[PDB]
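A.B. asks: One structure, as structure tokens, below. Some questions next.
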Amino acid sequence: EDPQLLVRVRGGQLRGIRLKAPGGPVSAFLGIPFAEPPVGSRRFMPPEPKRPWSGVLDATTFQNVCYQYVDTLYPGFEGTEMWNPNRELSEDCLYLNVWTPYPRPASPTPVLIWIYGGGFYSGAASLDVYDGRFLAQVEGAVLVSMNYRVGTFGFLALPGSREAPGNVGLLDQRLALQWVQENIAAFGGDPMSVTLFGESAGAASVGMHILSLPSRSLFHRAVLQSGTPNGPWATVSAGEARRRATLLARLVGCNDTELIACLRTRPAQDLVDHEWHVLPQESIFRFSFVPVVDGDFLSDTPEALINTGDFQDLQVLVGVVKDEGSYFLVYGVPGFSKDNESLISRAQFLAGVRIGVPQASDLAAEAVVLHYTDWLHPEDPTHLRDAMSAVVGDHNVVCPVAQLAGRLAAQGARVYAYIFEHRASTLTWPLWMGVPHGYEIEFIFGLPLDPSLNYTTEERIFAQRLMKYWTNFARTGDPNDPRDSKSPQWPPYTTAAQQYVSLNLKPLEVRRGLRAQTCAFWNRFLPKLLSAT
Amino acid sequence: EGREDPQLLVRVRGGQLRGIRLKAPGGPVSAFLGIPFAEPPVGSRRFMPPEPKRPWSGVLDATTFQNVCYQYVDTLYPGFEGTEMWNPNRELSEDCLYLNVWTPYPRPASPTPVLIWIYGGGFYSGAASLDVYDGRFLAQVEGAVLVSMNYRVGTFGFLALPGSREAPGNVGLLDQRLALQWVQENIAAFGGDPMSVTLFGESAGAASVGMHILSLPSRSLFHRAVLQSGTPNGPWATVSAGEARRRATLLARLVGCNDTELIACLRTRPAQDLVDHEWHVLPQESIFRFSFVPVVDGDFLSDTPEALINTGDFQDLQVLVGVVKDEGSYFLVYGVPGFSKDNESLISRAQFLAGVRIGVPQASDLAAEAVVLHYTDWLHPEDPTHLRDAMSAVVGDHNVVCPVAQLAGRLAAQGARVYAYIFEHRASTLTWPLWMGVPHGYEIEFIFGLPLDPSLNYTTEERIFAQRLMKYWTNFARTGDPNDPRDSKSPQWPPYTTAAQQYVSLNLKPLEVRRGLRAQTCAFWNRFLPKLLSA
Ligand SMILES: *[C@@H]1O[C@H](CO)[C@@H](O)[C@H](O)[C@H]1NC(C)=O
Ligand SMILES: *[C@@H]1O[C@H](CO)[C@@H](O)[C@H](O)[C@H]1NC(C)=O
């Protein structure tokens, strides 16, 4: 009985496990429950705090993954399987994981809290790419990650109802943050220095905690990687959530109370079977059950909230990867596949645009096509393919990120921005996808420090750099090494100068304007084109 | 006769002519100035098509320029060469249908290719007698036969009540065609070759050239065309029949006036009265818009220029087309607040959004906003220098550069041999401020070879550059190809194609080939904007 691995939290005693990290040992406490299991009549409901337990609870293994769709499109392929559940599915999934250094920190240590992506329909805090042992070992970070309910179970809402009020998956996240406040000191974490970070839907969740007042007293800094609370995919309105839930119920054969009660009688897989049948158009980068503008968790649209919010005592790191859109095209755009070069025709490109911008009218879609066509080479298959990627990435990620960066800076927040430009050498996906959505994560979490993974020696050095920016940012609100002259420095992003840095194998380079002309099209013009039509 | 220079006496269909021996730098040239080619379009002939000049008796003295067609005179900057050079330099009169011929001296031995110049000035001004149009240098240095004609401008040339008999519209274009017919019949008396006639012109002159390409009765009158900073298509070169009726009716009311009665009343009005009100008829506050221009009558122009270029057969056609570096800058001082020739015209963002409404007068609110969003530099959105240069580019691109691109592309796709240039050298002698860069109209003096006149103060480099441009123009007139057959040392000017979109830079440096004539921006004006305005 290693007394390093024995902790008393408010609910009772936990036994962690000592894990091996390349530079030494770390204490991991995995599968710690923070809520009553949301099963039975607790489906679709806000999470209740976990009841106190007796004796010593075993926290040496990851718990179950929240019930979700499992990707099947490319069976056995590591590029997709890395994002698949790596534990048993269950609605009993409300557990978090803590990594600390070994021995546990002598003094209060900044806490990083990770919130996975997966489009609000998948994900799990147990995937290898979220392994927190490296950050814990190399940087002395206390790292926390939680499971939260996804798909219908987290986000199915009949707005205004008692038994499906929406956003419960975010409330799951809020409870896990509350748990960190009440318990993290026992692990040597500092509850007065909590940084949230997350990628894709994980980032938009971070953003919603920024935009929801009850969350604001649970953290101090935020990192948003390749996702935002604003934009076309992260929220739906009350009316459109109501519609999708009602439609899903009809599809599984089911007064709000009565509708939800019948939904509760249904096996988990039955709800998942019809998850994808509720979207109003054929689309990519669009997800069925996502946070809803409820007037409660979200008092208004993210758009309204970021426009009018006051962000004075807030520090934020935001960024994108070089190729945010490539990945998505293979999931419904005719002419795209990982198994060839996906060189498309012009006609395929116009059709791809109606799918990438499913909300777009004929004219708006025309505007998109005309803007992304290279008129020097209008029919060049390579350009058309790269443009299709760009349309999707810009519309869903880069331009929403630029908008967020701008509003926050203008409203007093301290903002740092990046673009991630290094393609992992170990990448399973073909070269034309470049640096795809999600492939910065393994570098930030420090996987290349694991020799058995076959990352190049330069990639290991790169990983070390990124863990430093992230943890420096967690420590101080500033990603710059405070005891290191020469970098050159990573400057704050501001609306005037619009400075941001490239992260790649070469040293930091400062650029200005994050797709400034193109984001002006998405952020300023396009809204006017639809709002008149 | 008996005592005159025997080489200056020529006979044409209308009678005998006496011309003048003129000094050019390399030697003498023959000029025949102010040859009548129509009956004076005066009195009951105002607004009417031209009738050919009736034969005269005796020897017509053809030694001086004749009247300039009645027109508005620019007074914005009195005394300033920049504006004065474009102003009438002979008496204003409705009796103005005269033409000019320069030939080598003595007149050439074998039939020589003919260049016909059609001046610009928005269809409200111009004259073939202006110094920048002096054909003496092309005649002496290149051996060219050069012809230029006066044609009616303003109300006298374009006021139309479409369908009527007393004001059919496009009569200024008919003046031009008559002078083309005069060249067919008479040019051989001067040693000119009626089987090698090339039209060239700038601005409205270029629009005019393009309209002769699109109007079949003019087609048999010439073989090749150069269009300099202007096209028959685009937003200013033509009006609909409806809009011309509207403007002609309004102008009638303003001077206090059934189509026959209206026109008969307008005929009793003095010429100056009409000029005094010609600017009061435009539908909006604008720049680069002119009141009385060619009308789509379904006769001279059987359909819109845009329709005619999209469906025409241009297999047999050779065209040279191009633009200057700063097409729009000139236009900004005549109506956009914030701009002047006397300061850097550094403007604010507000002055930019207002300038866009005036420069794109036909744009709705959405389109205006589209224009503004496209031309804004979102890194420095409030920067005055950028806003100044963007305002210029908006006006240049909308009116000249993008219409030219549309033209080159549509003509090429459909058989024509098209050569394309951008002219980028600013005259050392220019009197407009530096911010205006290379303004509209300022390549003309180089094409015509004025820098060859020692007394004009051009650099030696400019004199050489001018000779190069004279070479290209006359090669293209001669053969349909601007390149020198011998000279394989000098880089080649490739044709413009839809596939490759090639064009050359014209400056002091050897020809450099560039690709894509403002390709991205022109997709906005030519593909996007029309759709936006259909909603
Ligand atoms: C330059 O001159 C114009 C016209 O006189 C004036 O309106 C403008 O304000 C001046 N520009 C500046 C800011 O110096
Ligand atoms: C050209 O330069 C000379 C010498 O300065 C001057 O006397 C003459 O008037 C100039 N001619 C112009 C301004 O065209």
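Chain identifiers are assigned as A, B, and so on, following the order in which chains appear in the structure tokens; residues are numbered from 1 within each chain, and ligands are numbered from 1 in order of appearance.
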Please provide the set of residues having any atom within 10 Å of residue 65 of chain B, restricted to only C-alpha atoms, with same-chain residues fewer than 5 positions apart removed, written as a PyMOL selection string.
C.D. replies: chain B and resi 32-35+89-91+98-100+127-130
A.B. asks: Produce a file of the selected residues containing C-alpha atoms, as a PDB file, in the first residue's frame.
C.D. replies:
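Output file part09.pdb follows:
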ATOM      1  CA  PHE B  32      -4.570  66.934 -95.401  1.00  0.00           C
ATOM      2  CA  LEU B  33      -6.513  68.572 -92.581  1.00  0.00           C
ATOM      3  CA  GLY B  34     -10.222  69.350 -92.376  1.00  0.00           C
ATOM      4  CA  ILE B  35     -11.545  67.354 -95.337  1.00  0.00           C
ATOM      5  CA  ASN B  89      -8.408  73.609 -79.752  1.00  0.00           C
ATOM      6  CA  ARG B  90     -10.491  74.962 -82.635  1.00  0.00           C
ATOM      7  CA  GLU B  91     -13.822  76.766 -82.809  1.00  0.00           C
ATOM      8  CA  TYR B  98     -14.304  66.803 -91.092  1.00  0.00           C
ATOM      9  CA  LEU B  99     -11.459  64.318 -91.245  1.00  0.00           C
ATOM     10  CA  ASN B 100      -7.644  64.316 -91.379  1.00  0.00           C
ATOM     11  CA  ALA B 127     -11.649  66.215 -81.336  1.00  0.00           C
ATOM     12  CA  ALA B 128      -9.252  64.696 -83.841  1.00  0.00           C
ATOM     13  CA  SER B 129      -7.258  67.942 -83.873  1.00  0.00           C
ATOM     14  CA  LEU B 130      -5.730  67.602 -80.345  1.00  0.00           C
TER      15      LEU B 130
END
A.B. asks: Identify all chain A residues at most 8 Å from chain B by counting only C-alpha atoms; ligands do not count. Present them as a count of residues only.
C.D. replies: 21
A.B. asks: Name the residues in contact with residue 421 of chain A at a cut-off of 6 Å, using only C-alpha atoms, excluding same-chain residues fewer than 5 positions from it; report them as a ChimeraX atom specification.
C.D. replies: /A:322,503-504
A.B. asks: Excluding segment 435-442 of chain B and its own-chain neighbours fewer than 3 positions away, which residues fall within 8 Å of it when counting only C-alpha atoms? Please give them as a compact mmCIF listing (two decimals) with N, CA and C atoms, in the first residue's frame.
C.D. replies:
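Heads up, here's the output in selection-v1.txt:
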# COMPACT_ATOMS: atom_id res chain seq x y z
N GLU B 202 -9.15 55.19 -78.03
CA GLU B 202 -9.04 55.03 -76.59
C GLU B 202 -10.31 55.50 -75.90
N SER B 203 -10.64 54.86 -74.78
CA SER B 203 -11.84 55.15 -73.98
C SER B 203 -13.16 55.00 -74.80
N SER B 229 -8.31 50.88 -73.41
CA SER B 229 -8.97 51.34 -72.19
C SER B 229 -10.45 51.62 -72.41
N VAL B 324 -4.43 50.85 -68.81
CA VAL B 324 -3.31 51.50 -68.12
C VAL B 324 -3.33 51.03 -66.67
N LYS B 325 -2.28 51.35 -65.93
CA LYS B 325 -2.14 50.84 -64.59
C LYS B 325 -3.19 51.40 -63.64
N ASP B 326 -3.54 52.67 -63.82
CA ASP B 326 -4.47 53.34 -62.90
C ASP B 326 -5.68 53.95 -63.63
N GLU B 327 -6.56 53.09 -64.12
CA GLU B 327 -7.69 53.55 -64.92
C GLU B 327 -8.61 54.53 -64.18
N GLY B 328 -8.79 54.34 -62.87
CA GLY B 328 -9.81 55.06 -62.13
C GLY B 328 -9.42 56.37 -61.47
N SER B 329 -8.13 56.56 -61.20
CA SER B 329 -7.68 57.69 -60.38
C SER B 329 -8.19 59.06 -60.87
N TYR B 330 -8.11 59.29 -62.18
CA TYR B 330 -8.53 60.52 -62.86
C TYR B 330 -9.97 60.92 -62.52
N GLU B 344 -2.70 64.75 -51.47
CA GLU B 344 -2.56 63.28 -51.55
C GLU B 344 -3.89 62.53 -51.53
N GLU B 424 2.17 50.61 -68.14
CA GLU B 424 2.59 50.90 -66.76
C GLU B 424 3.62 52.01 -66.61
N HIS B 425 4.01 52.64 -67.70
CA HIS B 425 4.94 53.75 -67.57
C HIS B 425 4.25 55.12 -67.42
N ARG B 426 4.55 55.82 -66.33
CA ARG B 426 4.04 57.17 -66.11
C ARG B 426 4.96 58.20 -66.77
N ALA B 427 4.40 59.01 -67.66
CA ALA B 427 5.18 60.01 -68.38
C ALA B 427 5.95 60.86 -67.38
N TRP B 432 -0.33 65.60 -63.51
CA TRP B 432 -1.25 65.14 -62.47
C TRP B 432 -0.39 64.65 -61.30
N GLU B 445 -0.10 59.50 -75.83
CA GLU B 445 1.07 60.29 -76.28
C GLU B 445 2.27 59.42 -76.67
N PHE B 446 2.41 58.23 -76.07
CA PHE B 446 3.49 57.28 -76.45
C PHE B 446 3.22 56.49 -77.75
A.B. asks: With a distance cut-off of 7 Å and only C-alpha atoms, select the neighbouring residues of segment 146-153 of chain A, excluding the residue or stretch itself and same-chain residues fewer than 3 positions from it, and output the selection as a list in words.
C.D. replies: residues 43, 44, 66, 68, 93, 94, 95, 96, 97, 115, 120, 121, 122, 124, 125, 156, 169, 172, 173, 176 and 289 of chain A
A.B. asks: I need the chosen residues saved as an mmCIF file, in the first residue's frame, with N, CA and C atoms.
C.D. replies:
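Output file result-v8.cif is given in full below:
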data_model
loop_
_atom_site.group_PDB
_atom_site.id
_atom_site.type_symbol
_atom_site.label_atom_id
_atom_site.label_comp_id
_atom_site.auth_asym_id
_atom_site.auth_seq_id
_atom_site.Cartn_x
_atom_site.Cartn_y
_atom_site.Cartn_z
ATOM 1 N N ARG A 43 -31.868 9.411 -17.300
ATOM 2 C CA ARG A 43 -31.623 9.717 -18.715
ATOM 3 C C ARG A 43 -32.206 11.079 -19.139
ATOM 4 N N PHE A 44 -31.400 11.872 -19.857
ATOM 5 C CA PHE A 44 -31.781 13.223 -20.320
ATOM 6 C C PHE A 44 -31.862 14.269 -19.206
ATOM 7 N N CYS A 66 -19.055 6.810 -22.458
ATOM 8 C CA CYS A 66 -20.461 7.181 -22.649
ATOM 9 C C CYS A 66 -21.036 6.620 -23.944
ATOM 10 N N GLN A 68 -22.384 5.950 -27.338
ATOM 11 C CA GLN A 68 -22.221 6.754 -28.538
ATOM 12 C C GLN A 68 -22.179 5.916 -29.792
ATOM 13 N N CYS A 93 -21.488 6.337 -17.151
ATOM 14 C CA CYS A 93 -20.183 6.804 -17.672
ATOM 15 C C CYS A 93 -19.609 8.062 -17.041
ATOM 16 N N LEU A 94 -20.214 8.538 -15.969
ATOM 17 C CA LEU A 94 -19.830 9.814 -15.435
ATOM 18 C C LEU A 94 -18.630 9.708 -14.477
ATOM 19 N N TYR A 95 -17.452 9.587 -15.080
ATOM 20 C CA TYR A 95 -16.210 9.431 -14.341
ATOM 21 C C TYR A 95 -15.131 10.356 -14.876
ATOM 22 N N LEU A 96 -14.251 10.790 -13.974
ATOM 23 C CA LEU A 96 -13.089 11.597 -14.348
ATOM 24 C C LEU A 96 -11.748 10.928 -13.959
ATOM 25 N N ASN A 97 -10.662 11.397 -14.578
ATOM 26 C CA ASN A 97 -9.305 10.911 -14.337
ATOM 27 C C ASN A 97 -8.344 12.033 -13.926
ATOM 28 N N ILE A 115 -11.183 18.535 -22.046
ATOM 29 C CA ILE A 115 -12.560 18.231 -22.477
ATOM 30 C C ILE A 115 -12.487 17.710 -23.927
ATOM 31 N N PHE A 120 -19.876 16.424 -30.140
ATOM 32 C CA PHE A 120 -20.990 16.245 -29.199
ATOM 33 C C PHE A 120 -21.728 14.911 -29.380
ATOM 34 N N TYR A 121 -21.206 14.031 -30.243
ATOM 35 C CA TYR A 121 -21.812 12.696 -30.469
ATOM 36 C C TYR A 121 -20.880 11.514 -30.099
ATOM 37 N N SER A 122 -19.594 11.797 -29.926
ATOM 38 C CA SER A 122 -18.634 10.774 -29.545
ATOM 39 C C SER A 122 -17.534 11.349 -28.674
ATOM 40 N N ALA A 124 -14.262 10.163 -25.610
ATOM 41 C CA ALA A 124 -14.048 9.537 -24.306
ATOM 42 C C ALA A 124 -12.713 10.022 -23.749
ATOM 43 N N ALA A 125 -12.630 10.183 -22.440
ATOM 44 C CA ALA A 125 -11.432 10.766 -21.834
ATOM 45 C C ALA A 125 -10.291 9.741 -21.724
ATOM 46 N N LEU A 156 -30.099 15.715 -26.307
ATOM 47 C CA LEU A 156 -31.501 15.691 -26.698
ATOM 48 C C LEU A 156 -32.313 16.583 -25.763
ATOM 49 N N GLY A 169 -25.067 17.292 -20.931
ATOM 50 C CA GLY A 169 -23.669 16.987 -21.176
ATOM 51 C C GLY A 169 -22.729 18.106 -20.765
ATOM 52 N N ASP A 172 -22.824 17.994 -16.966
ATOM 53 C CA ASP A 172 -21.830 16.972 -16.632
ATOM 54 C C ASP A 172 -20.437 17.616 -16.495
ATOM 55 N N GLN A 173 -19.979 18.325 -17.532
ATOM 56 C CA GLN A 173 -18.706 19.066 -17.471
ATOM 57 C C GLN A 173 -18.643 20.046 -16.299
ATOM 58 N N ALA A 176 -18.040 18.169 -13.040
ATOM 59 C CA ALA A 176 -16.651 17.726 -12.950
ATOM 60 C C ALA A 176 -15.701 18.889 -12.585
ATOM 61 N N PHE A 289 -27.305 16.204 -32.218
ATOM 62 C CA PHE A 289 -27.632 16.610 -30.849
ATOM 63 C C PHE A 289 -26.467 17.305 -30.182
#
A.B. asks: Could you give me, as an NGL selection string, each residue of segment 476-516 of chain B that DSSP assigns to strand (DSSP E) when run on this structure's backbone?
C.D. replies: :B and (502-506 or 512-515)
A.B. asks: For the residues in that selection, give me C-alpha atoms as a JSON list (two decimals), in the first residue's frame.
C.D. replies:
[["chain", "number", "residue", "atom", "x", "y", "z"],
["B", 502, "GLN", "CA", -1.50, 35.80, -71.16],
["B", 503, "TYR", "CA", -0.74, 39.53, -71.46],
["B", 504, "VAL", "CA", 2.33, 41.75, -71.56],
["B", 505, "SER", "CA", 3.51, 44.67, -69.44],
["B", 506, "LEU", "CA", 4.36, 47.84, -71.39],
["B", 512, "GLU", "CA", 7.34, 40.69, -69.50],
["B", 513, "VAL", "CA", 4.52, 38.14, -69.81],
["B", 514, "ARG", "CA", 1.99, 37.93, -66.97],
["B", 515, "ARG", "CA", -0.96, 35.59, -66.52]]
A.B. asks: Please find the residues contacting ligand 1 at a distance of at most 8 Å between atoms, with only C-alpha atoms and all ligand atoms counted, and report them as a list in words.
C.D. replies: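 Within the 8 Å cut-off, the matching residues are residues 337, 338, 339, 340, 341, 342, 343, 344, 345, 346 and 347 of chain B.
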A.B. asks: For residue 472 of chain A, find every residue with an atom within 12 Å (counting only C-alpha atoms), except residues of its own chain fewer than 4 positions away, and show them as a PyMOL selection string.
C.D. replies: chain A and resi 110-112+135+139-141+193+195+221+317+464-468+476-484+490
A.B. asks: Take the residues from that selection and write them out as a short mmCIF file (atom, residue, chain, number, x, y, z; two decimals), in the first residue's frame, keeping N, CA, C and O atoms.
C.D. replies:
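part.cif was written with the following content:
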data_model
loop_
_atom_site.label_atom_id
_atom_site.label_comp_id
_atom_site.auth_asym_id
_atom_site.auth_seq_id
_atom_site.Cartn_x
_atom_site.Cartn_y
_atom_site.Cartn_z
N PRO A 110 -0.71 24.26 -10.69
CA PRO A 110 -1.72 24.57 -11.69
C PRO A 110 -2.38 23.33 -12.26
O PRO A 110 -1.70 22.33 -12.48
N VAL A 111 -3.69 23.40 -12.45
CA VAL A 111 -4.49 22.29 -12.92
C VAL A 111 -4.89 22.52 -14.38
O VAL A 111 -5.34 23.60 -14.74
N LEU A 112 -4.69 21.51 -15.21
CA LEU A 112 -5.25 21.52 -16.56
C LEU A 112 -6.43 20.53 -16.65
O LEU A 112 -6.31 19.35 -16.25
N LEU A 135 2.47 15.22 -19.56
CA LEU A 135 2.31 16.55 -18.95
C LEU A 135 2.54 16.48 -17.45
O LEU A 135 3.17 17.38 -16.88
N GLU A 139 6.26 18.29 -16.86
CA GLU A 139 5.95 19.67 -16.52
C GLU A 139 5.40 19.87 -15.11
O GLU A 139 5.07 21.00 -14.73
N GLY A 140 5.31 18.78 -14.35
CA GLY A 140 4.65 18.81 -13.04
C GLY A 140 3.18 19.27 -13.08
O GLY A 140 2.69 19.90 -12.13
N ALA A 141 2.47 18.97 -14.16
CA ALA A 141 1.06 19.37 -14.26
C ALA A 141 0.20 18.37 -13.51
O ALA A 141 0.49 17.18 -13.50
N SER A 193 -6.00 28.04 -9.74
CA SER A 193 -5.36 28.15 -11.03
C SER A 193 -5.79 26.94 -11.86
O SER A 193 -5.05 25.94 -12.00
N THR A 195 -6.97 25.82 -15.57
CA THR A 195 -7.07 26.12 -17.00
C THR A 195 -7.84 25.02 -17.71
O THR A 195 -7.47 23.84 -17.61
N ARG A 221 -8.57 30.33 -16.84
CA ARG A 221 -8.01 30.48 -18.19
C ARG A 221 -8.60 29.41 -19.10
O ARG A 221 -9.09 28.39 -18.62
N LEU A 317 -6.10 31.15 -25.13
CA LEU A 317 -5.30 30.65 -26.25
C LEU A 317 -6.24 29.95 -27.25
O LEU A 317 -7.01 29.08 -26.87
N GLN A 464 7.95 18.83 -26.83
CA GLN A 464 8.43 19.43 -25.59
C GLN A 464 8.16 20.94 -25.58
O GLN A 464 7.76 21.50 -24.55
N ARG A 465 8.36 21.57 -26.73
CA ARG A 465 8.05 22.98 -26.93
C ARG A 465 6.56 23.25 -26.68
O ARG A 465 6.22 24.22 -25.99
N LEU A 466 5.69 22.41 -27.23
CA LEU A 466 4.25 22.66 -27.12
C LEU A 466 3.72 22.47 -25.71
O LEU A 466 2.86 23.24 -25.27
N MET A 467 4.26 21.48 -25.00
CA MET A 467 3.85 21.22 -23.63
C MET A 467 4.24 22.42 -22.79
O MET A 467 3.57 22.75 -21.79
N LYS A 468 5.31 23.08 -23.20
CA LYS A 468 5.83 24.26 -22.49
C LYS A 468 4.96 25.49 -22.69
O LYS A 468 4.70 26.23 -21.74
N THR A 476 0.60 31.03 -15.99
CA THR A 476 0.76 32.49 -15.97
C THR A 476 -0.25 33.27 -16.83
O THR A 476 -0.38 34.49 -16.67
N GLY A 477 -0.94 32.58 -17.74
CA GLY A 477 -1.84 33.25 -18.69
C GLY A 477 -1.10 33.73 -19.92
O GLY A 477 -1.69 34.36 -20.80
N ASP A 478 0.21 33.42 -19.97
CA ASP A 478 1.12 33.82 -21.03
C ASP A 478 1.91 32.58 -21.44
O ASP A 478 2.57 31.98 -20.61
N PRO A 479 1.87 32.20 -22.73
CA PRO A 479 2.56 30.99 -23.17
C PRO A 479 4.08 31.13 -23.29
O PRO A 479 4.76 30.13 -23.53
N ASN A 480 4.59 32.34 -23.17
CA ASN A 480 6.02 32.58 -23.32
C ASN A 480 6.82 32.15 -22.10
O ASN A 480 6.40 32.36 -20.96
N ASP A 481 7.98 31.55 -22.36
CA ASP A 481 8.90 31.07 -21.32
C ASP A 481 9.47 32.27 -20.53
O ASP A 481 10.30 33.01 -21.07
N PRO A 482 9.04 32.43 -19.26
CA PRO A 482 9.28 33.68 -18.52
C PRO A 482 10.72 33.81 -18.02
O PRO A 482 11.09 34.85 -17.47
N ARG A 483 11.51 32.75 -18.22
CA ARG A 483 12.91 32.72 -17.80
C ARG A 483 13.71 32.26 -19.02
O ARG A 483 14.57 31.37 -18.95
N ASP A 484 13.39 32.87 -20.16
CA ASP A 484 14.06 32.60 -21.43
C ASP A 484 13.96 33.83 -22.32
O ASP A 484 12.87 34.20 -22.79
N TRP A 490 5.97 35.18 -28.59
CA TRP A 490 4.61 34.98 -29.04
C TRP A 490 3.78 36.19 -28.59
O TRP A 490 3.48 36.32 -27.40
#
A.B. asks: For segment 2-4 of chain A, find every residue with an atom within 10 Å (counting only C-alpha atoms), except residues of its own chain fewer than 5 positions away, and show them as number ranges by chain.
C.D. replies: A: 15-18, 26-27, 102-104, 187
A.B. asks: Hey, can you spit out that residue selection with C-alpha atoms as an mmCIF file, in the first residue's frame?
C.D. replies:
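As a result, part.cif now contains:
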data_model
loop_
_atom_site.group_PDB
_atom_site.id
_atom_site.type_symbol
_atom_site.label_atom_id
_atom_site.label_comp_id
_atom_site.auth_asym_id
_atom_site.auth_seq_id
_atom_site.Cartn_x
_atom_site.Cartn_y
_atom_site.Cartn_z
ATOM 1 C CA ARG A 15 -6.542 4.153 -4.562
ATOM 2 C CA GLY A 16 -4.590 5.231 -7.598
ATOM 3 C CA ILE A 17 -1.964 3.384 -9.578
ATOM 4 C CA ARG A 18 1.664 4.284 -10.241
ATOM 5 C CA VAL A 26 3.329 9.448 -12.083
ATOM 6 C CA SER A 27 0.261 8.836 -9.892
ATOM 7 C CA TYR A 102 5.081 11.195 -8.217
ATOM 8 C CA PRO A 103 5.599 12.039 -5.412
ATOM 9 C CA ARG A 104 2.569 14.350 -5.425
ATOM 10 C CA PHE A 187 -4.054 15.676 -4.995
#
A.B. asks: Which residues are near ligand 2 in this structure, taking near to mean any atom at most 8 Å from a ligand atom and counting only C-alpha atoms and all ligand atoms? Format them as a list in words.
C.D. replies: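 Sorted by chain and then by number, the residues are residues 429, 455, 456 and 457 of chain B.
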A.B. asks: Keeping only C-alpha atoms, write the selected residues as a JSON list (two decimals), in the first residue's frame.
C.D. replies:
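Generated output (result-v5.json):
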[["chain", "number", "residue", "atom", "x", "y", "z"],
["B", 429, "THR", "CA", 6.18, 65.10, -68.11],
["B", 455, "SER", "CA", 11.07, 70.25, -77.85],
["B", 456, "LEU", "CA", 8.75, 68.21, -75.57],
["B", 457, "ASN", "CA", 11.30, 67.34, -72.78]]
A.B. asks: Mind the document's chain letters and residue numbers, and return as a PyMOL selection string the residues of segment 405-447 of chain B that DSSP labels helix (DSSP H, G or I).
C.D. replies: chain B and resi 405-412+434-436+444-447
A.B. asks: So the first atom is atom CA of residue 36 of chain B and the second is atom CA of residue 53 of chain B; what is the distance between them in Å, to one decimal place?
C.D. replies: 6.3 Å
A.B. asks: Restricting the calculation to only C-alpha atoms: of B:118, B:174, B:533, B:132, which residue gets closest to residue 41 of chain B?
C.D. replies: B:174
A.B. asks: Quick one, how far is atom CA of residue 28 of chain B from atom CA of residue 15 of chain B?
C.D. replies: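 Atom-to-atom, atom CA of residue 28 of chain B and atom CA of residue 15 of chain B are spaced 24.8 Å apart.
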A.B. asks: Give me, please, the distance in Å between atom CA of residue 125 of chain B and atom CA of residue 153 of chain B, quoted to one decimal.
C.D. replies: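 Interatomic distance, atom CA of residue 125 of chain B to atom CA of residue 153 of chain B: 5.9 Å.
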